[PDB]
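Coming up are structure 1 and structure 2: the same protein chain in two forms, each one given alone as structure tokens.
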Structure 1
């Protein structure tokens, strides 16, 4: 007997199957087990506060109206053009801004009905999901992107979602990201919605993302640090070399300015202060203060033996004080952002 005629009898008008009535309509809620396989993961954008995934979504439930014994085969397959003939959960992604199915060559959908009446429903789909990002502590930030699977119009006494016990979320191997590192550890949560209509089932997965630091260190932090060190070389230059020390001071300020202005195009465009901005501002205040130190020495020197000794003391004190206070700033900045502000992801 052909499997298509058996499906016509099983879900036909003589069977009285109604795709608008959930299984076990009188009694206990439908339990739906969910798996997710992530094929790709990227397009993490701060301007729109979202990211993009391409996933396989598998749902399994039981429909006792679909149990069959007559047919020899253990499973039946429904055509992806007639999926509207069967009841399916009204799952939706609660933080989704845009999404689409896939249809090139045949429909990228699959549905199997087993003898006991269990239904397996696997689809492939692309999502744009919202994630709020902080971006304070920016070079050394860690973000948490979530994915929520909610029911649209069924309360928790009608429909319940559950994560599969063995392996609910899997990620394909070899994936890479231009900016982040997707950690291996993933959170499976329960975020049941309490509204006025009632309790609505919602399960959730959290992914942890750590930004890489090698580019920011090698292109922004170390060049700024070398410019700051270069500003300290004014203190070892002869006191009477005004064109040398003044030109070195102001050119160091200009170099500091071009370094920050060129860095500005690569950084995320936000309106609040980030850790990198704190670093750039302090390095600018350091090269600004090294030029004010020479302005003080140059003015105190010309007042016409005591004045020359007093001017030379500001130089020898500045030779130790400026590196020391920059060391203390370094210690504080790195501990605050690598240890204090750094917190458990959970």
Structure 2
């Protein structure tokens, strides 16, 4: 038996097969079972509020008109040359900003037809999916990325999207992301769009990502801590030496304002306040109060000797008060964020 003509007798003008008609035209809705295989993950830009992903989308459905028994082979691995002449679901990604196929040597498509009439349809896709991100608790935040698979033309009585009981979302082995950590577990919700044109099917997955804090502690917490400790040096400097103490005040706030403005380089402008802003605002208040303390002792020292020992008493108290009032804030910052970020796991 020739391989070429079997495609003609199975589908075409001779058999009356039409690619514009769904399998069960006036019967039960077509149940399309979908699953994905994340080949790559990355390019998560916070400013643009989206992320890039490369997936292998597989779809399975039953077509009674494509049932065959002539060839004894249980499966029929078919090239994508007739993929434009069989009926396919009109799946689309609702949160997608930009997508394209892959044609590096040939069409990156797979098609298989089984004896019972089922059809396996695999494709390679690159997506740039939008993600509404909440940047509160910025250095220590669990984000949730979204992915919706919804039909465009067919309603609930025509097309239904489902997952398998077996691994709907598989991730490639060894895929490690630079700045976050992909959780093993995933959430499969069942969205359903309700437009003025009618009802449409939809399926949704959730990806939980945890940001890595190490970079931020190396960049905007340890150097800011060093700057605050540096400002604490002024209590040990001689109270008479005015240019030295003011230089320790002013140069500290000089570098701190630049660090505060530079800590929000990648963050998209957001009206709410972040935990990083709380940290660098409290540290800026600490070093500004340190210079205002000198502005107090310098005016106290000139009141003309009970004003001399009183001037030294502020320096002695502040030597063992500013580190205590900063260690308390560190406890009230590194505990209230390891409690609440732990809360709201999902």
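Residue numbers count along the first chain shown, from 1. If you superpose the two forms and keep the largest set of C-alpha atoms that fall within 1.5 Å, you have the rigid core.
- Shift analysis on the rigid core between structures 1 and 2 singles out 233 from 233, 99, 172, 167 (C-alpha displacement of 2 Å or more).
- Core-superposed comparison between structures 1 and 2: the CA of residue 333 exceeds or equals a 2 Å shift.
- Core-superposed comparison between structures 1 and 2: the Cα of residue 318 travels 2 Å or more.
- Remark: with the core as the superposition reference, the CA shift of residue 157 between structures 1 and 2 stays below 2 Å.
- Taking the core as the reference frame, the CA atom of residue 245 shifts 3.2 angstrom between structures 1 and 2.
- We note a C-alpha movement of 0.4 Å at residue 19 between structures 1 and 2, with the rigid core held in register.
- Comparison between structures 1 and 2 places the CA of residue 221 1.1 angstrom away from its other position, after core fitting.
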